[PDB]
Structures are given as C-alpha cells and as structure tokens.
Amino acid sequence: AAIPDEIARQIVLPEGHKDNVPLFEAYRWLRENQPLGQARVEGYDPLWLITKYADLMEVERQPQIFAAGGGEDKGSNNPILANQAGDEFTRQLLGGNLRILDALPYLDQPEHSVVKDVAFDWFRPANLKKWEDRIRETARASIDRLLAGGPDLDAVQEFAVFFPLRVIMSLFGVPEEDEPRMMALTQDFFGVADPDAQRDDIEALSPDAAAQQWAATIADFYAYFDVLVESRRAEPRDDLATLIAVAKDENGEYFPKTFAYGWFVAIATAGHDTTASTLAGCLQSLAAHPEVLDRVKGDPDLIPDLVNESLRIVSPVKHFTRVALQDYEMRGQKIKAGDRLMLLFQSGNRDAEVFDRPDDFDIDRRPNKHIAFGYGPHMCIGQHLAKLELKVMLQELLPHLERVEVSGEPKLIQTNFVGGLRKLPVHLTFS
C-alpha cells in the first residue's frame, strides 16, 4: 500500500520539516515499518521515499537507471522536489522542461561528467591546502568579533553565517561589500517555502509560490553573475570565479554562460549555508553534551571526528530526486519506469543497520560512515572544503569556549531541501 498519509506529508511537505522531532520520527517509522514505500501526497507526484542507507547507495551508484534530470529528455525531471503546480510554473517559464539551472544537480552523464571535470581537481583535498591559512585568518577574525560582542548572541545570524560566506566569497574574488546581497539571495533560494523568508515580488499564497520564488532568485543571481563572468573572461584572475568563467569545452569554445552561472549559484548558496548550519548544529550538540566539548578541548585531534558526527546528525541537505529510466526491483518493491524517488539523506544517517544508537551524538564512531554528502557521481563536490572549514574553525574556536548553553528557542528553516538552524540563542562561557 501507499505510505500512510500523515507520515507521507511529514516528509514531503516543507511544513513537515519545521520541527526535527516529528520529522525524524516519520523517517524512523518508515525505516522500521515501510522502508521503501510510495508517498502519494495531494499536489505532488508519487515518490518512492528512500529511507535506508543501503538503498541510497544502490540508487546513487546506478545513474544509468536513476537519472537526476531525466536522461536524454533533458529537464524532464526536477532534481529538487517542487510541488506539481510549481513544476507546471517552471514548464510555462522555460517552455516544456524543468532545467532552470545548468548546475550539476540538473545534469546526467555524460554531460554531468564533462561539466564536473571543470572544477573536480580544484575541490580535491590536496588542492585545497593552499587556502588553509586564509581560512584560518578568516576564522580568527570571526572569533575576535564573537569575543568582542560578549557571551549572549544568536550563534547562527550573529556568528556562524559569516565565516563560511566570507571564505567562499574570498575564494571567488567577490568583494566583501557584496556579501550581504549574496546572503539575502541565499535566504530567498533556500527559503522558498519558509513563511519568514518570502520575497516581496512573488504571490506568496499562490499554489506555485515556491517555484516563482526559486525562479525570481535565480534571475537575480544571473544578473549578478553575468557581470562577474564577463569581468573574468576579459581579465582572468587566480580565483575560482575565473576557473568557472573561462572554462572551455573539448572544441575550445566557452561553455555557455549559464553553465558558469550554475556553478556560481551552487557555490554562492550551498557553498556557505550548509557549513553554517553544520557549525551551528555542532554548537547546539556541544550544549547538550558538555562532556564532548571538554574532551575535544583535551584532544584537538578529535576535531575531525566531531565534524563527521555533526555532519551525520545535522545532515542539512535533505534530498535530491531521481527518476527511474527503466523498471527496477528493490527491497521487494517494483519501481516502474518514470517513477520518481526522493533520496532522504537524513534518514540514511539514522539507519540502525549502519549506526549503533543512531540518535546519539557519538564522536567515537570510527569510521563514521555518514552519507551527509550523498553518494555516486553527484556526491557533494564541496565536501573536502566543508570538512576543512569546519576543522579550522573548531580548532580556533573551541580553545576559547568553556561551555555553550542554549538560552532561547532554536528555529529551523522550514524546507524539505537545504535546512538546518536559522536561530540558536546561546549563552557562552569563555575560557
């Protein structure tokens, strides 16, 4: 049978994600009772909810069967779940398809492979070591401002958001004065279904509102990035904007400018927001588990373990969607050609078949098998940058902290997509 309606709504609807407790209880109910079922929520396409760690790997390692963008019918699948009204809006705007960005999530092989190779080497761990000292100087400046502002603050909007944004804008060559605009458009981009993040220029109550907001935000990013692409093509610099802007195909022709725009939208949004969420989530967990803060201050080599467990618990990127290009049997179910799948990374990260006491915050999982970056050819390109920035910031910050207390109500972004904390009121005790 279909998944029961309120479990299905809890996971599919953005409102279902407002509060982590009921959301994670819905993922757990599925993993234990209906690990591979079809959600049939009014206003959405039917979705196979991929809740199990092994099933996430099985789907993601088979891109010839489970496409992101629809295969040769490019743009026939939206890799980021919109409602039906929203996909209809986008098909009206684009003329029959859903490929609203030329960013990696929308691409299938071999196009995905050619485009990804423009930046694959830049993002490898050995090629990121050259940025470690700049990252550390940015962390130290951020910590100097935290110490100067006193013990009481929102650890998200008054601390965690700024460091990853500065790091990524510095690695582009985007001037510091443009950070507020990039932050505002990122809130519009990941807030399409959040009641406190609605743009003024869209009909907020329309059935397609989130899709209108997505499109409006992309158009603003395009206007900003068209100037940066033209600037770096005319005057190349030693920065990531130039690598993207001047990229040429195998025939010596620039990739179309929208491909550079796609890289820029992804790096200007996911490039900072996910790291901010994970840092804020880590601080929240150190407040719940003060013994972990004591241990990591005692042994700074535990910092990468703390990062890995923060990534598993926070898992801020909640899903991408796939479409079956042929019928496929998995876990005793018959997925049909054309059926859509929702990859629930947060649920894979609580799978008791893989993680002992999966809801516990345990930095001593070695190895820490989390799937917070996904899997397969679409696996997060930024993962090594995120792990470096989180390591560097914790190495600099934790010596300055004796204790984190949460002093007010945490708030999450209401999204089924790229979520995590927007507010974490704290009282810090400095060492």
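Residues carry their position along the shown sequence, with the first being 1.
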Checklist outcome for this item: When mean C-alpha B-factors in the record are compared for 186-194 and 155-163, the larger belongs to 155-163
Checklist entry - Averaged over C-alpha atoms, is the B-factor higher for 20-28 or for 413-421 in this PDB entry? => result 20-28
Item to check | Top Cα B factor in the deposited entry, candidates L341, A126, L283, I303 | outcome: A126
Item to check | Among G86, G252, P105, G348 - the residue whose C-alpha B-factor is largest in the record | outcome: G252
Next on the checklist: Quick check for you: using the entry's CA B-factors within this chain, is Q213 in the lowest, middle or highest third?
Outcome noted: lowest
Checklist entry - Looking at the C-alpha B-factor of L98, is it in the lowest, middle or highest third of its chain? => result lowest
Next on the checklist: How does the C-alpha B factor of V115 compare with the rest of the chain: lowest, middle or highest third?
Outcome noted: lowest
Checklist outcome for this item: Entry-reported C-alpha B-factor of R237 relative to its chain, by third, is highest
Checklist entry - So where's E389 on the chain's Cα temperature factor ranking, which third? => result middle
